[PDB]
Amino acid sequence: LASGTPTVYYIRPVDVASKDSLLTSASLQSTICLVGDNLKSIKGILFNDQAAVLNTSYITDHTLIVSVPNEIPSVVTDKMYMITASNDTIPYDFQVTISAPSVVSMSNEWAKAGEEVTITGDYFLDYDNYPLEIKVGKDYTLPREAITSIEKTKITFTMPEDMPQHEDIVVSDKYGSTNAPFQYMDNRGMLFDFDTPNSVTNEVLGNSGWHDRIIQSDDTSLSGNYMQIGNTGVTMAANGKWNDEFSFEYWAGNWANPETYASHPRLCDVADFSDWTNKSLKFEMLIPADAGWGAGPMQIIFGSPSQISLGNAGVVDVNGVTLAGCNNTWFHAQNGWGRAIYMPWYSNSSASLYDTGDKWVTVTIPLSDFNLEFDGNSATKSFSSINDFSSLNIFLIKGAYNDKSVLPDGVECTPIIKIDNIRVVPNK
Ligand SMILES: [Mg+2]
C-alpha cells in the first residue's frame with residue numbers, strides 16, 4: 001500500500017508488563033513490535049530463511065507487530081529481511097534466540113578407540129559460520145574429521161585414541177554451551193567394576209548373597225571382569241517366573257557379630273548417595289544378538305541393613321541397626337518398597353526380543369525412578385536415608401502380589417546379560 005523505503009528505529013516487545021523496552025533478539029514464536037517509519041511498504045519479512053506471516057490489520061506506518069516463525073533456521077545470518085513490493089531486500093540485524101544444546105545420553109561412555117559413538121539429546125545445530133564442537137576438559141577439542149554426522153537429536157563420531165578421560169564434556173554451538181551428564185571412562189560413584197578394590201575395605205566387590213553369578217573376563221570384555229546374568233541355553237519363561245538363575249545379590253556384611261562391615265561394606269559407604277534424587281544409577285551392558293532378552297523385567301532393588309544383610313538375623317552393626325540376615329523376602333514383602341524395573345523388551349504395549357547387537361551400551365536409571373514395587377504398581381515408600389543404599393539386588397522377574405500382576409508377559413527366551421561398571425552419578 002504505502003511507498004518509500006521502510007526503516008526500523010528499534011524493536012520493542014508487544015506485551016504491556018515486559019521487562020524489556022527494546023529487543024536485539026527474540027525466541028521462536030515471540031511476538032515483537034517494530035518501531036520505524038514507512039512500515040507499510042513492507043510486503044514480506046523473513047527471519048533468517050524463515051518467512052513470517054504479516055497481518056495487515058496490525059501494521060501502521062510507524063508500528064509493525066509480527067511473530068518470529070517457529071521453525072529453526074537452516075542458514076542463520078542474524079538478520080531480519082524486509083521485502084518491499086518491488087522485491088527489494090532491506091536487512092535489519094536481529095538474532096533469533098534458539099535453545100542451547102541439551103545432552104542426555106552417550107551410547108557407550110566406555111567406548112574404546114575406533115568405536116562408533118552416538119550422543120543423544122536435542123538442539124544439536126551445526127552451521128558453516130558457527131560449527132558445533134565437542135570439548136573434553138580444557139585443552140582438548142574433538143577433531144571435526146572424527147565426527148561422521150550431526151542431526152538435531154544425535155551426534156555421531158568415531159572415538160579418537162586420546163580423548164581425555166574422567167573430564168567434563170561440553171557440547172557447544174552458536175546458541176550456547178552445556179555440560180554433558182557423563183565423562184569418558186566415567187568412574188564417579190563407582191560401585192562394581194569387578195576389577196578395582198573398593199576404597200574402604202580393599203575388596204573387589206562381587207557376589208555377596210545366596211545365588212552367585214558369573215564374574216569373568218574374556219574377549220567380549222569391555223574392561224576387565226564383567227558380571228553375567230543368564231547363560232547359553234538357560235530358558236527364561238514368558239511369564240517371568242521366579243528363577244534365581246537371573247539374580248545378582250550383593251548383601252553388605254560378612255557374618256560378623258557385631259557387624260563391623262570390615263568385609264563387604266555398605267554400598268552407601270563405597271559411593272556417595274547424598275541428594276539421591278539428583279543422581280542416577282549407571283552401568284554398561286552387553287546382550288549378545290543370539291541371546292536376546294525378551295521376558296522378565298529387571299528389578300533393581302536397593303536395600304538397607306534392616307531389610308537384607310549377609311549374616312544371621314538379629315545381629316546389630318556398628319550403626320545400631322538390627323540386621324535382617326540372609327533372606328529373599330525383603331524385595332517382595334508387600335510393604336510398598338520402591339525399586340527400579342527396567343524392561344527395554346517392552347515397547348509400546350508389545351514385547352519383543354531385545355539385544356544390543358553384541359556392543360556395550362550405557363544404561364541410565366535415575367534413582368528417582370525407583371518408585372515401583374514388585375508387582376509393578378507405584379511404590380508407597382520411597383528412599384528415606386542414604387543407609388537405604390547398603391545392599392543391591394538385580395533380579396530378572398515379573399512379580400505378582402496376591403495372584404495379580406500389572407507388569408506384562410514377554411516371549412520365551414534364553415537371555416545373556418553382561419553387566420559392568422555399576423555406578424551412581426549426578427544427573428548433571
Ligand atoms: Mg570391569
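Whatever order the structure lists ligands and atoms in, that order sets their numbers, starting from 1. Each residue takes its place number in the sequence, starting with 1.
In summary, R423 and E109 engage in a salt bridge, as defined by a charged side-chain N under 4.0 Å from a carboxylate O. Taking 4.0 Å as the cut-off between side-chain N and carboxylate O, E133 and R144 do not count as a salt-bridged pair. Checked for salt-bridge contact, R213 and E245 meet the test: a charged N lies under 4.0 Å from a carboxylate O. Ion pair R12/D20 not flagged as a salt bridge, since none of the NZ, NE, NH1 or NH2 atoms sits closer than 4.0 Å to an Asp/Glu carboxylate oxygen. Using a cutoff of 4.0 Å between basic side-chain nitrogens and carboxylate oxygens, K398 and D409 are scored as salt-bridged. Using a cut-off of 4.0 Å between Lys/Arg side-chain N and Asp/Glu carboxylate O, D272 and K279 are scored as salt-bridged.
Around the Mg ion (ligand 1), the protein atoms of type N, O or S that sit closer than 2.8 Å are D193 O, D195 OD2, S223 O, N225 O, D420 OD1, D420 OD2.
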